[PDB]
$ cat coords.csv   # CSV, C-alpha atoms
chain,number,residue,atom,x,y,z
G,1,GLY,CA,155.5,112.7,171.6
G,2,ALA,CA,153.5,115.6,172.8
G,3,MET,CA,153.7,118.2,175.6
G,4,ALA,CA,150.9,120.8,175.7
G,5,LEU,CA,151.2,124.4,177.2
G,6,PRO,CA,149.3,127.6,176.7
G,7,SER,CA,149.9,129.4,173.5
G,8,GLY,CA,149.5,132.8,171.8
G,9,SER,CA,150.4,136.3,172.8
G,10,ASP,CA,151.3,137.0,176.4
G,11,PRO,CA,148.4,137.9,178.7
G,12,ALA,CA,148.3,141.5,179.7
G,13,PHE,CA,149.9,142.7,182.9
G,14,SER,CA,147.7,144.1,185.7
G,15,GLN,CA,150.7,146.4,186.7
G,16,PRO,CA,152.1,149.1,184.4
G,17,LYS,CA,155.6,148.3,182.9
G,18,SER,CA,157.2,151.2,184.8
G,19,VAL,CA,156.0,149.8,188.1
G,20,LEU,CA,157.4,146.3,187.2
G,21,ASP,CA,160.8,147.9,186.1
G,22,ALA,CA,161.0,149.5,189.5
G,23,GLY,CA,161.1,146.0,191.1
G,24,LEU,CA,164.2,145.0,189.0
G,25,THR,CA,167.8,145.8,190.1
G,26,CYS,CA,171.2,144.7,188.7
G,27,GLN,CA,174.4,145.0,190.7
G,28,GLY,CA,176.7,147.5,189.0
G,29,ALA,CA,174.7,147.7,185.8
G,30,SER,CA,171.5,148.8,184.1
G,31,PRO,CA,169.1,146.1,182.9
G,32,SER,CA,169.0,148.0,179.6
G,33,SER,CA,172.6,147.1,178.9
G,34,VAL,CA,174.0,144.2,181.0
G,35,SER,CA,176.8,141.7,180.5
G,36,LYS,CA,175.8,138.1,181.2
G,37,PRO,CA,172.9,138.8,183.5
G,38,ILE,CA,171.4,136.2,185.8
G,39,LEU,CA,167.9,136.7,187.3
G,40,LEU,CA,167.4,135.9,190.9
G,41,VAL,CA,163.9,135.5,192.2
G,42,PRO,CA,163.4,135.5,196.0
G,43,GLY,CA,161.3,133.5,198.4
G,44,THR,CA,158.1,134.4,200.3
G,45,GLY,CA,158.6,137.1,202.9
G,46,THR,CA,161.8,138.5,201.4
G,47,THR,CA,163.3,140.9,198.9
G,48,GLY,CA,166.0,140.0,196.4
G,49,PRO,CA,168.8,141.1,198.7
G,50,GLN,CA,167.4,139.5,201.8
G,51,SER,CA,167.2,136.1,200.0
G,52,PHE,CA,170.5,136.3,198.1
G,53,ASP,CA,173.0,138.9,199.5
G,54,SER,CA,174.7,136.2,201.6
G,55,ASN,CA,174.8,133.6,198.8
G,56,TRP,CA,174.1,133.8,195.1
G,57,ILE,CA,174.6,137.5,194.5
G,58,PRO,CA,178.3,137.2,195.4
G,59,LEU,CA,178.6,133.5,194.1
G,60,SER,CA,177.0,134.3,190.7
G,61,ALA,CA,179.3,137.4,190.4
G,62,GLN,CA,182.4,135.3,191.1
G,63,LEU,CA,181.2,132.9,188.3
G,64,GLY,CA,181.2,135.9,185.9
G,65,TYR,CA,177.5,136.9,185.9
G,66,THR,CA,176.0,140.3,186.6
G,67,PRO,CA,173.6,139.5,189.4
G,68,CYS,CA,170.1,141.0,188.9
G,69,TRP,CA,167.0,140.4,191.1
G,70,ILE,CA,163.4,141.3,191.5
G,71,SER,CA,161.8,142.4,194.8
G,72,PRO,CA,158.0,142.2,194.2
G,73,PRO,CA,156.4,144.3,197.0
G,74,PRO,CA,155.5,143.7,199.7
G,75,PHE,CA,158.1,140.9,200.3
G,76,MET,CA,156.6,138.5,197.8
G,77,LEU,CA,153.4,138.3,199.9
G,78,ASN,CA,151.1,139.7,197.2
G,79,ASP,CA,149.3,137.5,194.6
G,80,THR,CA,151.8,135.1,193.1
G,81,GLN,CA,150.4,135.9,189.7
G,82,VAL,CA,151.4,139.6,190.2
G,83,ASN,CA,154.8,138.6,191.5
G,84,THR,CA,155.1,136.7,188.2
G,85,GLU,CA,154.5,139.9,186.2
G,86,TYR,CA,157.7,141.2,187.8
G,87,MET,CA,159.6,138.1,186.6
G,88,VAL,CA,158.3,138.0,183.1
G,89,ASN,CA,158.9,141.7,182.6
G,90,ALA,CA,162.5,141.3,184.0
G,91,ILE,CA,163.2,138.4,181.6
G,92,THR,CA,161.9,140.5,178.7
G,93,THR,CA,164.1,143.5,179.8
G,94,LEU,CA,167.3,141.5,180.5
G,95,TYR,CA,167.0,139.4,177.4
G,96,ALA,CA,166.9,142.6,175.3
G,97,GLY,CA,169.5,144.3,177.4
G,98,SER,CA,172.0,141.5,176.9
G,99,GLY,CA,171.7,141.6,173.1
G,100,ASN,CA,168.6,139.3,172.7
G,101,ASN,CA,170.6,136.5,174.5
G,102,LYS,CA,169.0,133.9,176.7
G,103,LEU,CA,169.8,134.2,180.4
G,104,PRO,CA,169.7,131.9,183.4
G,105,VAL,CA,167.1,132.2,186.2
G,106,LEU,CA,168.0,131.1,189.8
G,107,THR,CA,165.4,131.0,192.5
G,108,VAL,CA,164.5,130.0,196.1
G,109,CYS,CA,161.1,128.8,197.4
G,110,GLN,CA,158.3,130.8,195.9
G,111,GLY,CA,160.7,132.2,193.4
G,112,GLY,CA,160.7,128.9,191.5
G,113,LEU,CA,156.9,128.6,191.5
G,114,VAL,CA,156.9,132.2,190.1
G,115,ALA,CA,159.4,131.2,187.4
G,116,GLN,CA,157.4,128.2,186.4
G,117,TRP,CA,154.2,130.1,186.4
G,118,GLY,CA,155.7,132.7,184.1
G,119,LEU,CA,157.1,130.0,181.7
G,120,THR,CA,153.7,128.2,181.7
G,121,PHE,CA,151.5,131.2,181.0
G,122,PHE,CA,153.7,133.8,179.2
G,123,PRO,CA,154.9,132.0,176.1
G,124,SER,CA,157.2,134.9,175.0
G,125,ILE,CA,159.8,134.1,177.6
G,126,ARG,CA,160.2,130.4,176.9
G,127,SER,CA,162.8,131.3,174.3
G,128,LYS,CA,164.4,133.9,176.6
G,129,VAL,CA,165.2,131.9,179.6
G,130,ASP,CA,168.3,129.8,179.1
G,131,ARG,CA,167.9,127.5,182.1
G,132,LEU,CA,166.3,127.4,185.5
G,133,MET,CA,168.2,126.6,188.7
G,134,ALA,CA,165.6,126.4,191.5
G,135,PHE,CA,166.4,125.8,195.2
G,136,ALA,CA,163.6,124.4,197.3
G,137,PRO,CA,160.8,125.3,194.8
G,138,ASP,CA,157.2,124.7,195.9
G,139,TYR,CA,155.5,123.9,192.6
G,140,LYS,CA,152.9,122.0,194.6
G,141,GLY,CA,152.8,124.4,197.5
G,142,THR,CA,153.4,123.2,201.0
G,143,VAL,CA,151.3,121.1,203.4
G,144,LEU,CA,152.8,123.0,206.3
G,145,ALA,CA,150.6,126.0,205.5
G,146,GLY,CA,146.9,126.0,206.0
G,147,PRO,CA,145.1,123.6,205.4
G,148,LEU,CA,142.7,125.1,202.9
G,149,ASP,CA,140.0,125.8,205.4
G,150,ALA,CA,142.2,127.4,208.0
G,151,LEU,CA,143.7,130.4,206.2
G,152,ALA,CA,141.7,133.5,207.3
G,153,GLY,CA,143.4,136.8,206.7
G,154,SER,CA,146.8,135.2,205.6
G,155,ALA,CA,148.7,136.9,202.9
G,156,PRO,CA,147.6,136.3,199.2
G,157,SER,CA,150.7,134.2,198.3
G,158,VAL,CA,150.3,132.1,201.4
G,159,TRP,CA,146.8,131.1,200.4
G,160,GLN,CA,148.2,130.3,197.0
G,161,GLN,CA,151.1,128.1,198.2
G,162,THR,CA,148.9,126.0,200.4
G,163,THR,CA,148.7,122.4,199.1
G,164,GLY,CA,145.6,121.9,196.9
G,165,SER,CA,145.2,125.6,196.2
G,166,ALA,CA,143.5,126.8,193.0
G,167,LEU,CA,146.8,128.3,191.9
G,168,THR,CA,148.9,125.1,192.3
G,169,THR,CA,146.0,123.1,190.6
G,170,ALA,CA,146.0,125.4,187.6
G,171,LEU,CA,149.7,125.2,187.3
G,172,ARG,CA,149.6,121.4,187.1
G,173,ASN,CA,146.6,121.1,184.8
G,174,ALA,CA,148.2,123.6,182.4
G,175,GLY,CA,151.3,121.4,182.1
G,176,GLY,CA,153.6,123.4,184.4
G,177,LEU,CA,154.8,120.5,186.4
G,178,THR,CA,156.9,119.5,183.3
G,179,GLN,CA,160.1,121.5,182.8
G,180,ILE,CA,159.7,124.1,180.1
G,181,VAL,CA,163.4,125.2,179.8
G,182,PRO,CA,166.3,123.0,181.1
G,183,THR,CA,165.7,123.0,184.8
G,184,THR,CA,167.6,121.8,187.9
G,185,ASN,CA,165.7,121.5,191.2
G,186,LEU,CA,167.8,121.1,194.4
G,187,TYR,CA,165.8,120.4,197.6
G,188,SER,CA,165.9,118.5,200.8
G,189,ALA,CA,163.6,115.9,202.5
G,190,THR,CA,164.3,117.8,205.8
G,191,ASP,CA,162.9,121.1,204.5
G,192,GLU,CA,161.0,122.6,207.4
G,193,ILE,CA,159.0,125.0,205.2
G,194,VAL,CA,158.1,123.1,202.0
G,195,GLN,CA,156.6,119.6,202.3
G,196,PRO,CA,156.2,116.9,201.1
G,197,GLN,CA,159.8,116.5,199.9
G,198,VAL,CA,160.6,113.1,201.3
G,199,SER,CA,159.9,110.7,198.3
G,200,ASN,CA,162.6,111.5,195.8
G,201,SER,CA,159.8,111.2,193.3
G,202,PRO,CA,157.1,113.3,191.5
G,203,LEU,CA,155.2,113.5,194.8
G,204,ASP,CA,157.8,116.0,196.0
G,205,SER,CA,156.7,119.7,195.7
G,206,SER,CA,160.1,120.5,194.1
G,207,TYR,CA,159.9,117.9,191.3
G,208,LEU,CA,159.5,118.7,187.7
G,209,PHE,CA,158.9,116.1,185.0
G,210,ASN,CA,162.1,115.8,182.9
G,211,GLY,CA,163.9,118.1,185.3
G,212,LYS,CA,167.2,117.3,186.9
G,213,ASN,CA,165.6,116.7,190.3
G,214,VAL,CA,168.3,116.5,193.0
G,215,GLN,CA,167.0,115.6,196.5
G,216,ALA,CA,169.9,116.0,198.8
G,217,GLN,CA,169.3,112.7,200.6
G,218,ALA,CA,169.3,110.7,197.3
G,219,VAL,CA,172.9,111.8,196.9
G,220,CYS,CA,174.1,112.2,200.5
G,221,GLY,CA,172.1,109.6,202.4
G,222,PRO,CA,168.9,109.6,204.5
G,223,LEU,CA,170.6,111.0,207.6
G,224,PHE,CA,171.9,114.0,205.7
G,225,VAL,CA,170.1,117.0,207.2
G,226,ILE,CA,169.8,120.2,205.4
G,227,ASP,CA,167.1,122.7,206.1
G,228,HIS,CA,165.2,125.1,203.8
G,229,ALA,CA,167.8,128.0,203.9
G,230,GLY,CA,170.6,125.4,203.7
G,231,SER,CA,169.1,124.2,200.4
G,232,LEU,CA,170.0,127.6,199.0
G,233,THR,CA,173.3,128.4,200.7
G,234,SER,CA,175.2,125.1,201.2
G,235,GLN,CA,178.4,124.0,199.6
G,236,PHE,CA,176.4,121.0,198.1
G,237,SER,CA,173.9,123.5,196.6
G,238,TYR,CA,176.7,125.6,195.2
G,239,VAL,CA,178.4,122.6,193.4
G,240,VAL,CA,175.0,121.6,191.9
G,241,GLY,CA,174.1,125.2,191.0
G,242,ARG,CA,177.5,125.8,189.5
G,243,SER,CA,177.2,122.7,187.4
G,244,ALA,CA,173.7,123.7,186.2
G,245,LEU,CA,174.9,127.2,185.2
G,246,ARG,CA,177.9,126.0,183.3
G,247,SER,CA,176.5,122.7,181.8
G,248,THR,CA,176.4,122.2,178.1
G,249,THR,CA,173.0,120.6,178.6
G,250,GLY,CA,171.4,123.4,180.7
G,251,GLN,CA,171.0,121.0,183.7
G,252,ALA,CA,173.3,120.0,186.4
G,253,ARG,CA,175.3,116.9,185.4
G,254,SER,CA,175.8,113.8,187.6
G,255,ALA,CA,179.5,113.8,186.6
G,256,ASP,CA,179.9,117.2,188.2
G,257,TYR,CA,178.8,116.5,191.8
G,258,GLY,CA,178.6,113.5,194.1
G,259,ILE,CA,179.3,112.4,197.6
G,260,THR,CA,182.4,114.4,197.8
G,261,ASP,CA,180.2,117.6,197.7
G,262,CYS,CA,177.9,116.5,200.6
G,263,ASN,CA,178.7,119.6,202.8
G,264,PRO,CA,175.6,121.3,204.2
G,265,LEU,CA,177.5,124.3,205.5
G,266,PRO,CA,177.7,127.6,203.6
G,267,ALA,CA,179.4,127.6,200.3
G,268,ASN,CA,183.2,127.5,200.5
G,269,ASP,CA,183.7,130.4,198.1
G,270,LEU,CA,181.8,132.8,200.3
G,271,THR,CA,183.7,135.2,202.6
G,272,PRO,CA,183.7,134.5,206.3
G,273,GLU,CA,181.3,137.4,206.7
G,274,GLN,CA,179.1,135.9,204.0
G,275,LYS,CA,179.2,132.4,205.5
G,276,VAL,CA,178.2,133.8,208.9
G,277,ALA,CA,175.2,135.6,207.3
G,278,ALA,CA,174.3,132.5,205.3
G,279,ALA,CA,174.4,130.1,208.2
G,280,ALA,CA,172.2,132.5,210.2
G,281,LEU,CA,169.9,133.1,207.3
G,282,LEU,CA,166.4,133.6,208.7
G,283,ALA,CA,164.8,135.0,205.5
G,284,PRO,CA,162.4,131.9,205.1
G,285,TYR,CA,160.6,133.0,208.3
G,286,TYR,CA,160.4,136.7,207.6
G,287,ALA,CA,156.7,136.3,206.5
G,288,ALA,CA,155.8,135.6,210.1
G,289,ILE,CA,156.7,139.1,211.0
G,290,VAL,CA,156.2,141.5,208.1
G,291,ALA,CA,152.9,143.2,207.3
G,292,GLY,CA,151.2,141.7,204.3
G,293,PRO,CA,148.1,142.3,202.2
G,294,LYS,CA,144.9,141.1,204.0
G,295,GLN,CA,143.2,138.3,202.1
G,296,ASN,CA,140.0,136.5,203.0
G,297,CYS,CA,139.7,134.0,200.2
G,298,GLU,CA,142.1,132.5,197.7
G,299,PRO,CA,142.9,135.2,195.1
G,300,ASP,CA,141.0,134.7,191.9
G,301,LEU,CA,143.0,133.2,189.0
G,302,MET,CA,143.7,135.4,186.0
G,303,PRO,CA,141.7,134.5,183.0
G,304,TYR,CA,144.7,132.8,181.3
G,305,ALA,CA,144.9,130.3,184.2
G,306,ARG,CA,141.2,129.9,185.4
G,307,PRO,CA,140.2,127.2,182.8
G,308,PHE,CA,142.8,124.8,184.4
G,309,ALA,CA,141.2,124.8,187.9
G,310,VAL,CA,137.6,124.0,187.4
G,311,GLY,CA,135.9,123.0,190.7
G,312,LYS,CA,138.4,124.9,192.9
G,313,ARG,CA,137.1,127.8,195.1
G,314,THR,CA,138.5,131.3,194.9
G,315,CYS,CA,137.1,134.7,195.9
G,316,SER,CA,134.5,134.7,193.1
G,317,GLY,CA,133.2,131.2,193.7
G,318,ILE,CA,133.9,127.8,192.3
G,319,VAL,CA,135.6,127.9,188.9
G,320,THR,CA,133.5,126.6,185.9
G,321,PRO,CA,134.5,126.5,182.2
$ encode --input "coords.csv" --output "structure tokens"
Amino acid sequence: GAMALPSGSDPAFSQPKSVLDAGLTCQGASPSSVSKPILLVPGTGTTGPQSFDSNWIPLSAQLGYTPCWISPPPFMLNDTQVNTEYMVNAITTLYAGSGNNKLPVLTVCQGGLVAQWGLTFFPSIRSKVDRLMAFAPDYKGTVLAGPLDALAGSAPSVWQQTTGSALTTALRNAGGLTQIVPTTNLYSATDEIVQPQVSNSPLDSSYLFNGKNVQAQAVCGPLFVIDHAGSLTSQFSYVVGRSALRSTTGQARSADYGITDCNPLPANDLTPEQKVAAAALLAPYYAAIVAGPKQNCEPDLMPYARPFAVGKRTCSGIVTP
């Protein structure tokens, strides 16, 4: 068979490496020398801690990882391609800093689009990421943003996560809707931020070809409601994520989760303080309030991605070969 992806050396970063390092933090450790790191990549409108303090920072620590995260400024609202420089740099650093050992990446919302962008276009990290555990990823963007012609002034990453954007087009045409490392995608038909998610099929924004694609309603029934934040914080998500992180295959396993795990409330192993914070988690909507970059057209694609979106309109014009 065949699966094609970009090849060669990694494209150059627009940000200096010191600036990208400044966006990476590990709890209790230095990225230069870390035991069993996991890289956490946050959603639009949030920092690492705002997305994960109430959930996978303590949960991954109790599973024996050192939690590390990136907080691309300002609040993941800048150009998704620049947010991805933070992720690629972080994988490079943490892979070296754990002894040249592959490490897992765990994400929410835009974070997963960033992880898959980096894996598609930065070949050096494909052998450095052990597995990807993505919660409500928007690999096709979301139809609840926009539409394409109604985006004036919006932050850069909001233009880019609108359905039909040049960025989501380039990702798809370059082969990035197929999993590149073992990947598990946990998402919900009742996500109020990322749609469409209702088909349990490759139409869903969270779906990756050959991924372990887990729509909550496929397991727990069509009347099982779990919202965007709940997709990250629930006991169901914890059982699936724990299975993915420990699996000998790199993906969650059906033998490990099932209807006995269909609990949409905050993960059982969180403290009561943590469950309260998780159940109240409003981070997905932080981008409605925070000050972002001003952007009057969809950000241009970097040269490594531009050839995959011929005919789409960005700041410079309509992409050609």
$ closest_residue --input "coords.csv" --among "G:49, G:104, G:284, G:307" --to "residue 23 of chain G" --atoms "all atoms listed in the file"
G:49
$ closest_atom_pairs --input "coords.csv" --of "segment 155-248 of chain G" --to "segment 254-278 of chain G" --cutoff "9 Å" --atoms "all atoms listed in the file" --output "Markdown table"
| residue | atom | partner | partner_atom | distance |
| --- | --- | --- | --- | --- |
| G:216 | CA | G:262 | CA | 8.2 |
| G:219 | CA | G:259 | CA | 6.5 |
| G:220 | CA | G:262 | CA | 5.7 |
| G:224 | CA | G:262 | CA | 8.3 |
| G:225 | CA | G:264 | CA | 7.6 |
| G:226 | CA | G:264 | CA | 6.0 |
| G:227 | CA | G:264 | CA | 8.8 |
| G:229 | CA | G:278 | CA | 8.0 |
| G:230 | CA | G:264 | CA | 6.5 |
| G:231 | CA | G:264 | CA | 8.1 |
| G:232 | CA | G:266 | CA | 9.0 |
| G:233 | CA | G:266 | CA | 5.3 |
| G:234 | CA | G:266 | CA | 4.3 |
| G:235 | CA | G:267 | CA | 3.8 |
| G:236 | CA | G:261 | CA | 5.1 |
| G:237 | CA | G:267 | CA | 7.8 |
| G:238 | CA | G:267 | CA | 6.1 |
| G:239 | CA | G:257 | CA | 6.3 |
| G:240 | CA | G:257 | CA | 6.4 |
| G:243 | CA | G:256 | CA | 6.2 |
$ closest_residue --input "coords.csv" --among "G:288, G:12, G:82, G:189" --to "residue 145 of chain G" --atoms "all atoms listed in the file"
G:288
$ closest_residue --input "coords.csv" --among "G:151, G:68, G:158, G:143" --to "residue 204 of chain G" --atoms "only C-alpha atoms"
G:143
$ closest_residue --input "coords.csv" --among "G:166, G:148, G:105, G:310" --to "residue 250 of chain G" --atoms "all atoms listed in the file"
G:105
$ atom_distance --input "coords.csv" --atom1 "atom CA of residue 280 of chain G" --atom2 "atom CA of residue 52 of chain G"
12.8 Å
$ residues_around --input "coords.csv" --residues "segment 83-87 of chain G" --least-positions-apart "6" --cutoff "7 Å" --atoms "all atoms listed in the file" --output "PyMOL selection string"
chain G and resi 13+20+23+70+72+76+114-115+117-118
$ residues_near_point --input "coords.csv" --point "(139.7, 135.4, 201.0)" --cutoff "9 Å" --atoms "all atoms listed in the file" --output "PyMOL selection string"
chain G and resi 151-154+156+159+294-299+314-315
$ residues_around --input "coords.csv" --residues "residue 46 of chain G" --least-positions-apart "4" --cutoff "7 Å" --atoms "only C-alpha atoms" --output "ChimeraX atom specification"
/G:42,50-51,75-76,283,286
$ closest_residue --input "coords.csv" --among "G:302, G:108, G:177, G:3" --to "residue 48 of chain G" --atoms "only C-alpha atoms"
G:108
$ decode --input "coords.csv" --residues "segment 163-188 of chain G" --atoms "N, CA and C atoms" --output "PDB file, in the first residue's frame"
ATOM      1  N   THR G 163     -14.508  25.888   9.002  1.00  0.00           N
ATOM      2  CA  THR G 163     -14.666  24.869   7.964  1.00  0.00           C
ATOM      3  C   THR G 163     -14.375  25.439   6.576  1.00  0.00           C
ATOM      4  N   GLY G 164     -13.644  24.685   5.776  1.00  0.00           N
ATOM      5  CA  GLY G 164     -13.278  25.134   4.429  1.00  0.00           C
ATOM      6  C   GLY G 164     -12.087  26.090   4.360  1.00  0.00           C
ATOM      7  N   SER G 165     -11.441  26.388   5.488  1.00  0.00           N
ATOM      8  CA  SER G 165     -10.281  27.292   5.475  1.00  0.00           C
ATOM      9  C   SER G 165      -9.142  26.750   4.598  1.00  0.00           C
ATOM     10  N   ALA G 166      -8.222  27.657   4.224  1.00  0.00           N
ATOM     11  CA  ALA G 166      -7.045  27.185   3.493  1.00  0.00           C
ATOM     12  C   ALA G 166      -6.230  26.249   4.359  1.00  0.00           C
ATOM     13  N   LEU G 167      -6.137  26.553   5.645  1.00  0.00           N
ATOM     14  CA  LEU G 167      -5.335  25.694   6.518  1.00  0.00           C
ATOM     15  C   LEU G 167      -5.918  24.278   6.615  1.00  0.00           C
ATOM     16  N   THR G 168      -7.218  24.146   6.906  1.00  0.00           N
ATOM     17  CA  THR G 168      -7.734  22.770   7.009  1.00  0.00           C
ATOM     18  C   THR G 168      -7.683  22.049   5.648  1.00  0.00           C
ATOM     19  N   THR G 169      -7.846  22.786   4.534  1.00  0.00           N
ATOM     20  CA  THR G 169      -7.676  22.194   3.195  1.00  0.00           C
ATOM     21  C   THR G 169      -6.258  21.636   2.997  1.00  0.00           C
ATOM     22  N   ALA G 170      -5.233  22.445   3.341  1.00  0.00           N
ATOM     23  CA  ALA G 170      -3.850  22.006   3.145  1.00  0.00           C
ATOM     24  C   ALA G 170      -3.565  20.793   4.004  1.00  0.00           C
ATOM     25  N   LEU G 171      -4.058  20.793   5.213  1.00  0.00           N
ATOM     26  CA  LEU G 171      -3.820  19.633   6.061  1.00  0.00           C
ATOM     27  C   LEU G 171      -4.323  18.332   5.406  1.00  0.00           C
ATOM     28  N   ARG G 172      -5.543  18.397   4.882  1.00  0.00           N
ATOM     29  CA  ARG G 172      -6.174  17.255   4.232  1.00  0.00           C
ATOM     30  C   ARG G 172      -5.456  16.812   2.960  1.00  0.00           C
ATOM     31  N   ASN G 173      -5.173  17.753   2.064  1.00  0.00           N
ATOM     32  CA  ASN G 173      -4.510  17.403   0.822  1.00  0.00           C
ATOM     33  C   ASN G 173      -3.071  16.885   0.958  1.00  0.00           C
ATOM     34  N   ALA G 174      -2.424  17.282   2.039  1.00  0.00           N
ATOM     35  CA  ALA G 174      -1.082  16.801   2.347  1.00  0.00           C
ATOM     36  C   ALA G 174      -1.087  15.407   3.003  1.00  0.00           C
ATOM     37  N   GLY G 175      -2.256  14.879   3.389  1.00  0.00           N
ATOM     38  CA  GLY G 175      -2.330  13.535   3.936  1.00  0.00           C
ATOM     39  C   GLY G 175      -2.547  13.495   5.417  1.00  0.00           C
ATOM     40  N   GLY G 176      -2.791  14.679   6.047  1.00  0.00           N
ATOM     41  CA  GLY G 176      -2.857  14.824   7.464  1.00  0.00           C
ATOM     42  C   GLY G 176      -4.153  14.421   8.087  1.00  0.00           C
ATOM     43  N   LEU G 177      -5.141  13.940   7.297  1.00  0.00           N
ATOM     44  CA  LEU G 177      -6.323  13.342   7.930  1.00  0.00           C
ATOM     45  C   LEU G 177      -6.140  11.851   8.119  1.00  0.00           C
ATOM     46  N   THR G 178      -4.974  11.303   7.807  1.00  0.00           N
ATOM     47  CA  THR G 178      -4.645   9.935   8.174  1.00  0.00           C
ATOM     48  C   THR G 178      -3.755  10.002   9.412  1.00  0.00           C
ATOM     49  N   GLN G 179      -3.920   9.079  10.342  1.00  0.00           N
ATOM     50  CA  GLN G 179      -3.024   9.119  11.499  1.00  0.00           C
ATOM     51  C   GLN G 179      -1.573   8.882  11.083  1.00  0.00           C
ATOM     52  N   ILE G 180      -0.668   9.597  11.745  1.00  0.00           N
ATOM     53  CA  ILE G 180       0.744   9.494  11.430  1.00  0.00           C
ATOM     54  C   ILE G 180       1.529   8.749  12.515  1.00  0.00           C
ATOM     55  N   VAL G 181       1.088   8.841  13.771  1.00  0.00           N
ATOM     56  CA  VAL G 181       1.569   7.989  14.849  1.00  0.00           C
ATOM     57  C   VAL G 181       0.307   7.310  15.382  1.00  0.00           C
ATOM     58  N   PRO G 182       0.371   6.278  16.242  1.00  0.00           N
ATOM     59  CA  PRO G 182      -0.889   5.687  16.786  1.00  0.00           C
ATOM     60  C   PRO G 182      -1.693   6.746  17.510  1.00  0.00           C
ATOM     61  N   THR G 183      -2.957   6.919  17.082  1.00  0.00           N
ATOM     62  CA  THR G 183      -3.752   8.053  17.523  1.00  0.00           C
ATOM     63  C   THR G 183      -5.104   7.567  18.024  1.00  0.00           C
ATOM     64  N   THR G 184      -5.558   8.151  19.141  1.00  0.00           N
ATOM     65  CA  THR G 184      -6.920   7.954  19.621  1.00  0.00           C
ATOM     66  C   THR G 184      -7.630   9.305  19.664  1.00  0.00           C
ATOM     67  N   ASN G 185      -8.845   9.377  19.095  1.00  0.00           N
ATOM     68  CA  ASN G 185      -9.615  10.605  19.066  1.00  0.00           C
ATOM     69  C   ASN G 185     -10.912  10.346  19.823  1.00  0.00           C
ATOM     70  N   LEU G 186     -11.109  11.049  20.939  1.00  0.00           N
ATOM     71  CA  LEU G 186     -12.320  10.940  21.751  1.00  0.00           C
ATOM     72  C   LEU G 186     -13.121  12.233  21.553  1.00  0.00           C
ATOM     73  N   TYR G 187     -14.390  12.098  21.152  1.00  0.00           N
ATOM     74  CA  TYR G 187     -15.186  13.282  20.831  1.00  0.00           C
ATOM     75  C   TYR G 187     -16.675  12.956  20.976  1.00  0.00           C
ATOM     76  N   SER G 188     -17.506  13.976  20.853  1.00  0.00           N
ATOM     77  CA  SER G 188     -18.921  13.837  21.179  1.00  0.00           C
ATOM     78  C   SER G 188     -19.758  14.469  20.075  1.00  0.00           C
TER      79      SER G 188
END
